[PDB]
Number of protein chains: 10
Amino acid sequence: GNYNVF
Amino acid sequence: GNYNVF
Amino acid sequence: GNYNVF
Amino acid sequence: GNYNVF
Amino acid sequence: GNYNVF
Amino acid sequence: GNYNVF
Amino acid sequence: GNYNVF
Amino acid sequence: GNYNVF
Amino acid sequence: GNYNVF
Amino acid sequence: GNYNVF
């Protein structure tokens, strides 16, 4: 999966 | 899946 | 799935 | 599914 | 499903 | 409180 | 409170 | 509190 | 608190 | 606190 986490 | 989390 | 979470 | 959650 | 939740 | 539950 | 329940 | 639960 | 739970 | 949980 793709995770862009801030 | 795709997760863009802020 | 797609999750855009703020 | 698609989740846009604010 | 599609969930746009505010 | 605010509860949006699916 | 506010409850939106599905 | 705020609860958005899927 | 804020809870966005999937 | 803030909890975004998948």
# chains A, B, ... in the order shown; residues from 1 in each chain; ligands from 1
>>> interface_residues(of="chain D", to="chain F", cutoff="12 Å", atoms="only C-alpha atoms", output="count of residues only")
3
